[PDB]
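Since the structure comes first, as structure tokens, the remarks are kept for the end.
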Amino acid sequence: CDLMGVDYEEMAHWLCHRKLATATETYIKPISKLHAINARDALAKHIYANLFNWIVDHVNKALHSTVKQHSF
Amino acid sequence: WXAXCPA
Amino acid sequence: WXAXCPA
Amino acid sequence: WXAXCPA
Amino acid sequence: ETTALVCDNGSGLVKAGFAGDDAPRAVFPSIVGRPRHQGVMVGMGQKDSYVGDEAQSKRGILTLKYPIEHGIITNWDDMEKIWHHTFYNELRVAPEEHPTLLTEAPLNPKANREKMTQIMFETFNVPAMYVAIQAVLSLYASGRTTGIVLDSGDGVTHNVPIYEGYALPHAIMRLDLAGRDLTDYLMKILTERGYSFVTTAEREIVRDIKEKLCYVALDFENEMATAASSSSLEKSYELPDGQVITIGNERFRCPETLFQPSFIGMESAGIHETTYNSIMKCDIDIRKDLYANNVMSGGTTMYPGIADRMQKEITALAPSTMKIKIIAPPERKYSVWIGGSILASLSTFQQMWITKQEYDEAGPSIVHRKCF
Ligand SMILES: Nc1ncnc2c1ncn2[C@@H]1O[C@H](COP(=O)(O)OP(=O)(O)O)[C@@H](O)[C@H]1O
Ligand SMILES: [Mg+2]
């Protein structure tokens with residue numbers, strides 16, 4: 001939470017609970033330790049995949065050129 | 001009454 | 001219902 | 001009964 | 001692919017939405033109102049009937065009918081209006097295009113599934129349909145293959161033991177106390193303090209009082225003596241017109257009828273002793289796994305303290321070394337819908353639907369053959 005600059009107790013809450021809302025009203029559920037570990041791993045995978053797509057996008061920024069590509 | 005009807 | 005109760 | 005059936 | 005619609009016809013609410021959603025998109029009271037007064041102003045734009053939240057908003061002008069009571073559909077023209085409103089106005093979806101998973105309480109009449117199928121294929125022309133027992137879905141909703149589900153709606157209460165994915169249909173208890181008979185008892189007792197609520201629109205004030213202020217005693221006689229001896233339990237509420245009404249020991253007394261149905265003159269035992277009597281009909285090898293995994297479901301179990309009172313009062317019945325556990329998720333009001341949403345999205349399920357081809361070949365009797 002230091003590295004990412006987020007409130008320790010907010011991450012501490014959301015790692016261990018999940019939230020549902022119907023159209024009107026909203027509920028907060030505890031989750032089992034297995035689902036908490038699965039969720040943390042899925043979050044790590046999601047961060048990594050988005051970081052990868054972002055590095056690829058800045059490489060494309062450097063590789064692109066302004067002339068209209070006729071064919072490749 | 002007290003709530004519903006008048007008495 | 002149809003017997004034992006109102007519905 | 002005492003264990004199996006209810007009586 | 002096209003999603004299935006998932007629609008649950010409670011007695012009290014309709015929950016509807018699309019399979020794979022985590023929560024229902026439409027929830028509204030399954031109520032139909034008709035105007036009961038002379039139409040004086042010309043050109044206002046009269047309407048023969050309101051449905052759902054429309055009938056809630058106007059309800060001072062309207063007679064409100066519930067078309068399901070005790071999980072039985074008691075007049076079809078209203079129920080067909082309610083479904084019409086569900087598909088076209090709340091979901092805004094062509095029913096031509098989506099399978100519909102309907103839902104039903106166990107052990108109710110067989111003419112109710114036949115009609116409920118006939119109307120889907122003839123009136124709404126749905127491609128394919130299914131009908132599922134309410135208490136089975138709460139296990140999909142709570143991640144379990146074993147448990148005894150206590151489910152209590154507006155109209156019906158039932159226990160369904162399920163072990164390792166096999167239902168035990170001889171042990172299914174159905175009990176006919178529910179939120180609506182709690183509400184009628186609440187009106188009768190409230191009359192003691194002078195408040196009288198008479199009409200169908202006015203009943204639905206009492207329903208909101210019951211939801212907001214009732215709770216279940218952990219010892220009925222001790223809190224009776226307490227509230228007879230102290231103001232500390234006395235709590236107060238505003239009617240729509242701004243009259244304040246004040247409610248005391250009575251607020252725990254109404255949900256106590258779930259544990260003592262004799263208050264309503266109901267001969268049968270309460271939900272605790274029907275749960276225990278349901279476990280005693282199961283084979284002795286599985287009782288240990290049905291003493292854990294008591295799953296609460298449906299709105300009538302939302303009372304504060306009902307899980308604690310259940311655990312306490314089953315533990316007085318079960319042998320001293322069985323671990324009694326009551327499982328009461330905070331979304332248990334929607335858990336039947338959530339489990340229907342899971343069930344309709346499995347790929348193994350897509351063979352189970354009643355397709356219109358089969359209904360054309362067999363006629364509506366097929367619903368008993370191709371279903372639990
Ligand atoms: N928080 C609550 N506390 C007590 N009773 C409630 C609560 N919410 C809803 N109910 C009651 O439960 C019934 C609605 O439960 P629900 O599960 O929606 O019924 P159904 O599933 O048959 O539509 C109504 O009688 C309503 O008054
Ligand atoms: Mg229900």
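Just remember, in the structure tokens the first chain shown is A, the second B, etc., residues are 1-based per chain, and ligands are 1-based in the order shown.
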Step one, run DSSP on the backbone; step two, keep only residues of chain A assigned to strand (DSSP E); then write them as a JSON list (two decimals) with N, CA, C and O atoms, in the first residue's frame.
[["chain", "number", "residue", "atom", "x", "y", "z"],
["A", 17, "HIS", "N", -13.31, -9.02, 1.41],
["A", 17, "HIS", "CA", -14.75, -8.94, 1.23],
["A", 17, "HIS", "C", -15.07, -8.69, -0.23],
["A", 17, "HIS", "O", -14.27, -8.10, -0.96],
["A", 18, "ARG", "N", -16.25, -9.13, -0.65],
["A", 18, "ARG", "CA", -16.76, -8.73, -1.95],
["A", 18, "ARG", "C", -18.14, -8.14, -1.77],
["A", 18, "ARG", "O", -18.79, -8.31, -0.74],
["A", 19, "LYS", "N", -18.58, -7.46, -2.81],
["A", 19, "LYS", "CA", -19.73, -6.57, -2.78],
["A", 19, "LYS", "C", -20.69, -6.93, -3.89],
["A", 19, "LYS", "O", -20.27, -7.23, -5.01],
["A", 20, "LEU", "N", -21.97, -6.90, -3.59],
["A", 20, "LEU", "CA", -22.99, -7.11, -4.60],
["A", 20, "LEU", "C", -23.97, -5.97, -4.46],
["A", 20, "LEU", "O", -24.27, -5.54, -3.35],
["A", 21, "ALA", "N", -24.50, -5.51, -5.58],
["A", 21, "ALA", "CA", -25.62, -4.60, -5.51],
["A", 21, "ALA", "C", -26.66, -5.03, -6.51],
["A", 21, "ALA", "O", -26.37, -5.18, -7.70],
["A", 26, "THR", "N", -27.48, -2.76, -1.48],
["A", 26, "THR", "CA", -26.13, -3.29, -1.63],
["A", 26, "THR", "C", -25.65, -4.00, -0.38],
["A", 26, "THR", "O", -26.01, -3.64, 0.75],
["A", 27, "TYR", "N", -24.85, -5.03, -0.60],
["A", 27, "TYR", "CA", -24.49, -6.03, 0.40],
["A", 27, "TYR", "C", -22.99, -6.24, 0.36],
["A", 27, "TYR", "O", -22.38, -6.14, -0.71],
["A", 28, "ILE", "N", -22.39, -6.53, 1.50],
["A", 28, "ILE", "CA", -20.96, -6.80, 1.53],
["A", 28, "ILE", "C", -20.77, -8.17, 2.16],
["A", 28, "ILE", "O", -21.14, -8.38, 3.32],
["A", 29, "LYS", "N", -20.13, -9.07, 1.42],
["A", 29, "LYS", "CA", -19.95, -10.45, 1.82],
["A", 29, "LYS", "C", -18.53, -10.74, 2.23],
["A", 29, "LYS", "O", -17.59, -10.31, 1.55],
["A", 30, "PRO", "N", -18.33, -11.44, 3.33],
["A", 30, "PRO", "CA", -17.04, -12.10, 3.55],
["A", 30, "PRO", "C", -16.87, -13.23, 2.56],
["A", 30, "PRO", "O", -17.84, -13.78, 2.03]]
Within 6 Å of ligand 1, counting only C-alpha atoms and all ligand atoms, which protein or nucleic acid residues do you find, written as an mmCIF file with N, CA, C and O atoms, in the first residue's frame?
data_model
loop_
_atom_site.group_PDB
_atom_site.id
_atom_site.type_symbol
_atom_site.label_atom_id
_atom_site.label_comp_id
_atom_site.auth_asym_id
_atom_site.auth_seq_id
_atom_site.Cartn_x
_atom_site.Cartn_y
_atom_site.Cartn_z
ATOM 1 N N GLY E 10 -41.837 -15.279 -6.771
ATOM 2 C CA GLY E 10 -42.222 -15.289 -5.384
ATOM 3 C C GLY E 10 -43.696 -14.975 -5.245
ATOM 4 O O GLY E 10 -44.379 -14.567 -6.181
ATOM 5 N N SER E 11 -44.203 -15.174 -4.042
ATOM 6 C CA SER E 11 -45.516 -14.630 -3.753
ATOM 7 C C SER E 11 -45.454 -13.118 -3.604
ATOM 8 O O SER E 11 -46.381 -12.414 -4.011
ATOM 9 N N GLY E 12 -44.381 -12.600 -3.026
ATOM 10 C CA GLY E 12 -44.312 -11.195 -2.708
ATOM 11 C C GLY E 12 -43.638 -10.364 -3.775
ATOM 12 O O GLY E 12 -44.166 -9.320 -4.158
ATOM 13 N N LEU E 13 -42.493 -10.807 -4.286
ATOM 14 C CA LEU E 13 -41.748 -10.041 -5.268
ATOM 15 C C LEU E 13 -41.542 -10.865 -6.520
ATOM 16 O O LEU E 13 -41.478 -12.091 -6.463
ATOM 17 N N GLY E 153 -40.639 -17.630 2.155
ATOM 18 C CA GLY E 153 -40.997 -16.565 1.275
ATOM 19 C C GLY E 153 -42.059 -15.664 1.855
ATOM 20 O O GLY E 153 -42.214 -15.534 3.073
ATOM 21 N N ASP E 154 -42.769 -14.985 0.964
ATOM 22 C CA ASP E 154 -43.992 -14.316 1.366
ATOM 23 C C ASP E 154 -45.108 -15.323 1.582
ATOM 24 O O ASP E 154 -46.000 -15.088 2.396
ATOM 25 N N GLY E 155 -45.103 -16.425 0.847
ATOM 26 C CA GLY E 155 -46.220 -17.340 0.899
ATOM 27 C C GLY E 155 -46.024 -18.740 1.452
ATOM 28 O O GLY E 155 -46.993 -19.350 1.894
ATOM 29 N N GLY E 179 -44.256 -14.758 5.400
ATOM 30 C CA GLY E 179 -44.349 -13.330 5.651
ATOM 31 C C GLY E 179 -45.734 -12.719 5.607
ATOM 32 O O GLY E 179 -46.026 -11.789 6.357
ATOM 33 N N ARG E 180 -46.630 -13.263 4.799
ATOM 34 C CA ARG E 180 -47.954 -12.664 4.718
ATOM 35 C C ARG E 180 -48.820 -13.011 5.920
ATOM 36 O O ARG E 180 -49.613 -12.181 6.383
ATOM 37 N N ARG E 207 -46.687 -4.117 6.420
ATOM 38 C CA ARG E 207 -45.574 -4.904 5.904
ATOM 39 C C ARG E 207 -44.250 -4.164 6.045
ATOM 40 O O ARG E 207 -43.235 -4.754 6.428
ATOM 41 N N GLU E 211 -40.944 -5.194 8.342
ATOM 42 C CA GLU E 211 -39.576 -5.247 7.848
ATOM 43 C C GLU E 211 -38.628 -4.367 8.653
ATOM 44 O O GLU E 211 -37.538 -4.801 9.022
ATOM 45 N N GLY E 298 -34.401 -16.801 1.502
ATOM 46 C CA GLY E 298 -35.625 -16.054 1.339
ATOM 47 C C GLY E 298 -35.859 -15.024 2.424
ATOM 48 O O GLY E 298 -35.251 -15.039 3.487
ATOM 49 N N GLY E 299 -36.716 -14.064 2.089
ATOM 50 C CA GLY E 299 -36.807 -12.839 2.863
ATOM 51 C C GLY E 299 -37.294 -13.022 4.284
ATOM 52 O O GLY E 299 -36.832 -12.341 5.195
ATOM 53 N N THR E 300 -38.216 -13.955 4.505
ATOM 54 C CA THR E 300 -38.759 -14.151 5.843
ATOM 55 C C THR E 300 -37.719 -14.620 6.847
ATOM 56 O O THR E 300 -37.983 -14.603 8.048
ATOM 57 N N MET E 302 -34.930 -12.870 7.126
ATOM 58 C CA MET E 302 -34.085 -11.699 7.281
ATOM 59 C C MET E 302 -34.190 -11.056 8.655
ATOM 60 O O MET E 302 -33.488 -10.075 8.901
ATOM 61 N N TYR E 303 -35.055 -11.543 9.530
ATOM 62 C CA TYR E 303 -35.232 -10.923 10.833
ATOM 63 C C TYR E 303 -33.927 -10.949 11.608
ATOM 64 O O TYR E 303 -33.230 -11.966 11.599
ATOM 65 N N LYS E 333 -31.872 -13.080 0.796
ATOM 66 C CA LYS E 333 -33.074 -12.641 0.106
ATOM 67 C C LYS E 333 -33.034 -12.923 -1.389
ATOM 68 O O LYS E 333 -34.039 -13.330 -1.973
#
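With only C-alpha atoms taken into account, the protein and nucleic acid residues at most 10 Å from residue 1 of chain B (excluding it and anything under 3 positions from it in its own chain) are residues 4, 5, 6 and 7 of chain B; 191, 193, 194, 195 and 196 of chain E.
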Point to revise | For residue 243 of chain E: contacts at 10 Å, only C-alpha atoms, fewer than 3 positions along chain excluded, given as a count of residues only | key: 7
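In this structure, atom CA of residue 206 of chain E sits 23.6 Å away from atom CA of residue 73 of chain E.
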Practice item. Find the residues of chain E in contact range of chain C, meaning any atom within 10 Å when counting only C-alpha atoms, and list them as a list in words. Key: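 Going by the stated atoms only, the list reads residues 68, 69, 70, 71, 72, 73, 74, 75, 108, 109 and 176 of chain E.
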Please produce an output containing N, CA, C and O atoms for each residue in the selection, written as a PDB file, in the first residue's frame.
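As written to disk, part_11.pdb reads:
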ATOM      1  N   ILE E  68     -50.550 -14.460  -6.625  1.00  0.00           N
ATOM      2  CA  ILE E  68     -50.032 -15.695  -6.055  1.00  0.00           C
ATOM      3  C   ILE E  68     -50.241 -15.654  -4.553  1.00  0.00           C
ATOM      4  O   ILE E  68     -49.789 -14.716  -3.892  1.00  0.00           O
ATOM      5  N   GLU E  69     -50.875 -16.677  -4.000  1.00  0.00           N
ATOM      6  CA  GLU E  69     -50.770 -16.875  -2.566  1.00  0.00           C
ATOM      7  C   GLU E  69     -50.494 -18.295  -2.139  1.00  0.00           C
ATOM      8  O   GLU E  69     -51.190 -19.208  -2.539  1.00  0.00           O
ATOM      9  N   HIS E  70     -49.484 -18.452  -1.296  1.00  0.00           N
ATOM     10  CA  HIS E  70     -48.961 -19.734  -0.902  1.00  0.00           C
ATOM     11  C   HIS E  70     -48.355 -20.447  -2.074  1.00  0.00           C
ATOM     12  O   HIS E  70     -48.526 -21.630  -2.297  1.00  0.00           O
ATOM     13  N   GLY E  71     -47.609 -19.693  -2.859  1.00  0.00           N
ATOM     14  CA  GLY E  71     -46.944 -20.240  -4.017  1.00  0.00           C
ATOM     15  C   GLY E  71     -47.831 -20.812  -5.097  1.00  0.00           C
ATOM     16  O   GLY E  71     -47.339 -21.358  -6.064  1.00  0.00           O
ATOM     17  N   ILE E  72     -49.129 -20.705  -4.935  1.00  0.00           N
ATOM     18  CA  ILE E  72     -50.077 -21.149  -5.943  1.00  0.00           C
ATOM     19  C   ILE E  72     -50.572 -19.929  -6.700  1.00  0.00           C
ATOM     20  O   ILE E  72     -50.914 -18.917  -6.091  1.00  0.00           O
ATOM     21  N   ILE E  73     -50.637 -20.023  -8.021  1.00  0.00           N
ATOM     22  CA  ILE E  73     -51.160 -18.942  -8.848  1.00  0.00           C
ATOM     23  C   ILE E  73     -52.678 -19.030  -8.887  1.00  0.00           C
ATOM     24  O   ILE E  73     -53.233 -19.983  -9.433  1.00  0.00           O
ATOM     25  N   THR E  74     -53.359 -18.042  -8.310  1.00  0.00           N
ATOM     26  CA  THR E  74     -54.783 -18.178  -8.050  1.00  0.00           C
ATOM     27  C   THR E  74     -55.686 -17.472  -9.045  1.00  0.00           C
ATOM     28  O   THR E  74     -56.863 -17.829  -9.124  1.00  0.00           O
ATOM     29  N   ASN E  75     -55.200 -16.507  -9.817  1.00  0.00           N
ATOM     30  CA  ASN E  75     -55.900 -16.142 -11.042  1.00  0.00           C
ATOM     31  C   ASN E  75     -54.892 -15.793 -12.117  1.00  0.00           C
ATOM     32  O   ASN E  75     -53.946 -15.046 -11.871  1.00  0.00           O
ATOM     33  N   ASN E 108     -46.257 -28.326  -4.493  1.00  0.00           N
ATOM     34  CA  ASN E 108     -47.504 -27.617  -4.766  1.00  0.00           C
ATOM     35  C   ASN E 108     -48.225 -28.263  -5.948  1.00  0.00           C
ATOM     36  O   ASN E 108     -47.671 -29.135  -6.607  1.00  0.00           O
ATOM     37  N   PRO E 109     -49.477 -27.878  -6.237  1.00  0.00           N
ATOM     38  CA  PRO E 109     -50.273 -28.605  -7.237  1.00  0.00           C
ATOM     39  C   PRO E 109     -49.617 -28.692  -8.602  1.00  0.00           C
ATOM     40  O   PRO E 109     -48.856 -27.816  -9.009  1.00  0.00           O
ATOM     41  N   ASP E 176     -46.788 -23.759   5.883  1.00  0.00           N
ATOM     42  CA  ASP E 176     -47.560 -22.798   5.128  1.00  0.00           C
ATOM     43  C   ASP E 176     -47.605 -21.434   5.807  1.00  0.00           C
ATOM     44  O   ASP E 176     -48.388 -20.578   5.401  1.00  0.00           O
TER      45      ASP E 176
END
Just the residues within 10 Å of residue 146 of chain E, please, counting only C-alpha atoms, with nothing from its chain fewer than 2 positions along; format it as an mmCIF file with N, CA, C and O atoms, in the first residue's frame.
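The new file selection.cif reads:
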data_model
loop_
_atom_site.group_PDB
_atom_site.id
_atom_site.type_symbol
_atom_site.label_atom_id
_atom_site.label_comp_id
_atom_site.auth_asym_id
_atom_site.auth_seq_id
_atom_site.Cartn_x
_atom_site.Cartn_y
_atom_site.Cartn_z
ATOM 1 N N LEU E 139 -28.651 -23.766 -2.832
ATOM 2 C CA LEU E 139 -27.376 -24.445 -2.662
ATOM 3 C C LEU E 139 -26.386 -24.051 -3.741
ATOM 4 O O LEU E 139 -25.209 -23.841 -3.447
ATOM 5 N N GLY E 143 -22.757 -22.336 -2.679
ATOM 6 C CA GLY E 143 -21.514 -23.034 -2.907
ATOM 7 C C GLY E 143 -21.456 -24.420 -2.329
ATOM 8 O O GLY E 143 -20.373 -24.891 -1.988
ATOM 9 N N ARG E 144 -22.587 -25.086 -2.188
ATOM 10 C CA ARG E 144 -22.642 -26.322 -1.439
ATOM 11 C C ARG E 144 -23.333 -27.360 -2.294
ATOM 12 O O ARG E 144 -24.152 -27.029 -3.146
ATOM 13 N N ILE E 148 -29.332 -28.833 4.300
ATOM 14 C CA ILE E 148 -30.775 -28.748 4.393
ATOM 15 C C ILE E 148 -31.172 -27.287 4.298
ATOM 16 O O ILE E 148 -30.817 -26.479 5.160
ATOM 17 N N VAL E 149 -31.837 -26.922 3.215
ATOM 18 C CA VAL E 149 -32.196 -25.537 2.962
ATOM 19 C C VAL E 149 -33.529 -25.243 3.621
ATOM 20 O O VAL E 149 -34.539 -25.863 3.288
ATOM 21 N N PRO E 161 -33.914 -31.404 2.267
ATOM 22 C CA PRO E 161 -32.598 -32.015 2.465
ATOM 23 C C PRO E 161 -31.975 -32.405 1.141
ATOM 24 O O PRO E 161 -32.587 -33.104 0.337
ATOM 25 N N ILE E 162 -30.738 -31.987 0.934
ATOM 26 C CA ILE E 162 -29.971 -32.382 -0.235
ATOM 27 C C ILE E 162 -28.632 -32.867 0.257
ATOM 28 O O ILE E 162 -27.930 -32.136 0.957
ATOM 29 N N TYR E 163 -28.279 -34.096 -0.085
ATOM 30 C CA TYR E 163 -26.992 -34.653 0.290
ATOM 31 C C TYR E 163 -26.212 -35.043 -0.948
ATOM 32 O O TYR E 163 -26.682 -35.853 -1.749
ATOM 33 N N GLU E 164 -25.025 -34.468 -1.094
ATOM 34 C CA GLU E 164 -24.127 -34.768 -2.195
ATOM 35 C C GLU E 164 -24.809 -34.650 -3.550
ATOM 36 O O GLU E 164 -24.451 -35.335 -4.501
ATOM 37 N N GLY E 165 -25.791 -33.770 -3.661
ATOM 38 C CA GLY E 165 -26.501 -33.580 -4.907
ATOM 39 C C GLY E 165 -27.692 -34.472 -5.151
ATOM 40 O O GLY E 165 -28.296 -34.377 -6.218
ATOM 41 N N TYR E 166 -28.060 -35.324 -4.212
ATOM 42 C CA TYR E 166 -29.305 -36.071 -4.287
ATOM 43 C C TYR E 166 -30.316 -35.471 -3.335
ATOM 44 O O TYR E 166 -30.040 -35.333 -2.145
ATOM 45 N N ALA E 167 -31.479 -35.122 -3.861
ATOM 46 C CA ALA E 167 -32.569 -34.732 -2.997
ATOM 47 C C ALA E 167 -33.181 -35.962 -2.367
ATOM 48 O O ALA E 167 -33.109 -37.065 -2.902
ATOM 49 N N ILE E 286 -26.026 -39.507 7.025
ATOM 50 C CA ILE E 286 -25.913 -38.165 6.465
ATOM 51 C C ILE E 286 -26.349 -37.079 7.429
ATOM 52 O O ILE E 286 -26.192 -35.889 7.111
ATOM 53 N N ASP E 289 -23.811 -34.401 8.324
ATOM 54 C CA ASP E 289 -23.594 -33.400 7.294
ATOM 55 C C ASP E 289 -24.803 -32.528 7.040
ATOM 56 O O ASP E 289 -24.673 -31.498 6.381
ATOM 57 N N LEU E 290 -25.971 -32.924 7.509
ATOM 58 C CA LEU E 290 -27.111 -32.025 7.472
ATOM 59 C C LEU E 290 -27.264 -31.211 8.742
ATOM 60 O O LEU E 290 -28.068 -30.283 8.759
ATOM 61 N N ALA E 292 -24.468 -29.633 10.165
ATOM 62 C CA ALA E 292 -23.887 -28.482 9.521
ATOM 63 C C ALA E 292 -24.747 -28.127 8.319
ATOM 64 O O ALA E 292 -25.699 -28.827 7.981
ATOM 65 N N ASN E 293 -24.424 -27.024 7.677
ATOM 66 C CA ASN E 293 -25.049 -26.675 6.409
ATOM 67 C C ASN E 293 -26.566 -26.522 6.500
ATOM 68 O O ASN E 293 -27.284 -26.933 5.594
ATOM 69 N N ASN E 294 -27.077 -25.993 7.605
ATOM 70 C CA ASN E 294 -28.431 -25.437 7.591
ATOM 71 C C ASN E 294 -28.408 -24.105 6.864
ATOM 72 O O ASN E 294 -27.893 -23.122 7.394
ATOM 73 N N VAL E 295 -28.966 -24.038 5.669
ATOM 74 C CA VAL E 295 -28.891 -22.824 4.874
ATOM 75 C C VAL E 295 -30.200 -22.062 4.986
ATOM 76 O O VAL E 295 -31.263 -22.594 4.655
#
Review point. For the atom pair atom CA of residue 199 of chain E and atom CA of residue 56 of chain E, what is the interatomic distance in Å to one decimal place?
Key: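 So the answer is 13.8 Å.
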Review point. When distances are computed from only C-alpha atoms and all ligand atoms, which of E:256, E:370, E:220, E:106 shows the smallest separation from ligand 2?
Key: E:106
Exercise for review: Go through chain A and collect every residue that DSSP, computed from the backbone, puts in helix (DSSP H, G or I); the answer should be as a PyMOL selection string.
Suggested key: chain A and resi 8-16+33-63
Within 9 Å of chain A: residues of chain E, using only C-alpha atoms, as a compact mmCIF listing (two decimals) with N, CA and C atoms, in the first residue's frame:
# COMPACT_ATOMS: atom_id res chain seq x y z
N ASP E 22 -24.94 -11.15 -11.71
CA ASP E 22 -24.75 -11.48 -10.31
C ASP E 22 -25.94 -11.08 -9.44
N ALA E 23 -26.80 -10.18 -9.90
CA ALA E 23 -27.97 -9.81 -9.12
C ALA E 23 -29.10 -9.46 -10.07
N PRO E 24 -30.35 -9.55 -9.60
CA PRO E 24 -31.49 -9.33 -10.49
C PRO E 24 -31.67 -7.89 -10.93
N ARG E 25 -32.01 -7.73 -12.20
CA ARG E 25 -32.19 -6.42 -12.80
C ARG E 25 -33.53 -5.79 -12.46
N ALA E 26 -34.58 -6.58 -12.31
CA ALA E 26 -35.90 -6.09 -11.94
C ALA E 26 -36.38 -6.76 -10.67
N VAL E 27 -36.65 -5.98 -9.63
CA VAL E 27 -37.38 -6.45 -8.46
C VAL E 27 -38.52 -5.48 -8.20
N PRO E 329 -26.25 -16.12 4.72
CA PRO E 329 -25.57 -15.06 3.99
C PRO E 329 -26.43 -13.81 3.93
N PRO E 330 -25.82 -12.63 3.88
CA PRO E 330 -26.61 -11.40 3.95
C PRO E 330 -27.45 -11.16 2.71
N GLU E 331 -27.17 -11.84 1.61
CA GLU E 331 -27.91 -11.70 0.36
C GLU E 331 -28.96 -12.80 0.23
N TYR E 334 -31.88 -12.74 -2.02
CA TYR E 334 -31.75 -12.96 -3.46
C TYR E 334 -31.15 -14.30 -3.81
